[PDB]
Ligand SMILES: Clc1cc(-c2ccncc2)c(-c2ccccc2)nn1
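Below sits a lone chain in structure tokens, taken as the form solved without the ligand.
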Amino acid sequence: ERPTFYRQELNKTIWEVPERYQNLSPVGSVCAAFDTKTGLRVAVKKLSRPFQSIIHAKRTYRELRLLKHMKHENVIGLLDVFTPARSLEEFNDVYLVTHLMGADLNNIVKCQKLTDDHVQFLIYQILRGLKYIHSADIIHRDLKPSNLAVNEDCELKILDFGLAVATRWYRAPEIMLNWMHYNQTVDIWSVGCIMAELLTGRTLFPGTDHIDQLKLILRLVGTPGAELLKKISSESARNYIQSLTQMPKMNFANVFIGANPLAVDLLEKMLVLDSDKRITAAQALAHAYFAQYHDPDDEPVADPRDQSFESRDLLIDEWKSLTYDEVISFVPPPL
């Protein structure tokens, strides 16, 4: 079963991969390549210093376990995870493979004009992915147009977590403020931002820094009431924003002109300041805007994940060894 490998140097390091992967070419760290096995293009990444230390080794372990768990049409999946190591002593390097998708929301929104119909389809698919991820007790904290890949048949996948500045544009405000603990609806904020952009062709909130970012948000959704108070995040953050000048809530129908009234009704549930009042992925899926696609029996949740490890105090070589095993025991997606 063991594949045949080959070495090569690639920008200050040796890559040692199976020969089904041809024409490795870097974007770092990461390489794009072509899989002669599946006839498709792929992305390959080699972790750096997986086992730097107790801290890293265990994070490596947790991240790998998380990634092999991801099994959903709208979410990225492992094609392959391999080591050139033939045994534990020489075990230091881990390599990951997924499909290299073709296009992303960023580049398609730059040059095709979407209709209300395209948008429903697209956003449906993100929501479908989000719900799965969320169900897995995971918060993407970084959804954005370039995190969202699509292929020729218009299938969309979310990509950008547990792995790898050009945008605070999609960040929930509470993340601007350093809330230190987050609701999953942070992502929902990003989703409304992305939808607005797909509808209008342009960025909803193109701030040039953290503070300017808040100001733009406040110009659309309105200054909040004394729920400023329940931000003992930072007295000086609190005061700072209390100092801002006050803005009325804009009516979304008068901002998103020509849009499907169902679509405007959705944004208004997603672009809400209080994370406690944002609609969740699950509810968004049922919104009448998606009537054409909604199918409650076809919008699956993630299965239970065993996370015993997270508490155990292990030395580095124990952590390294639990990693070796997950490598060994990776079983590939069919076809």
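Don't overthink the numbering: it's just position in the shown sequence, from 1.
The following text describes the form solved in complex with the ligand, which does not appear among the structures shown.
inquiry  = Here blocked means 3 or more ligand atoms within 2.4 Å of a backbone or C-beta atom once the ligand is superposed in from its placement in the deposited complex. Does this form come out open or blocked?
reply    = Blocked: 3+ ligand atoms clash with backbone or C-beta.
query = Would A253 sit within 4.5 Å of the ligand in the deposited complex, counting heavy atoms only?
reply = No - in the deposited complex, heavy atoms of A253 and the ligand never come within 4.5 Å of each other.
query = Going by a heavy atom distance of 4.5 Å, is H99 a contact of the ligand in the deposited complex?
reply = Result yes; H99 sits at the interface with the ligand in the deposited complex.
key: Interface membership of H287, the ligand in the deposited complex, 4.5 Å heavy atom rule   = It does not: once the ligand is placed as it appears in the deposited complex, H287 has no heavy atom within 4.5 Å of it.
request  = Evaluate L40 for contact with the ligand in the deposited complex, applying a 4.5 angstroms cut-off between non-hydrogen atoms, and reply yes or no.
outcome  = Because no heavy atom of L40 falls inside 4.5 Å of the ligand in the deposited complex, the answer is no.
ask   = Using a 4.5 Å heavy atom cut-off, which stretch among 262-270, 279-287, 294-302, 41-49 contacts the ligand in the deposited complex?
value = Every other range fails; the passing one is 41-49.
Complete contact of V30, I76 and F161 with the ligand in the deposited complex (any heavy atom, 4.5 Å) = Result yes, every residue of the spot touches the ligand.
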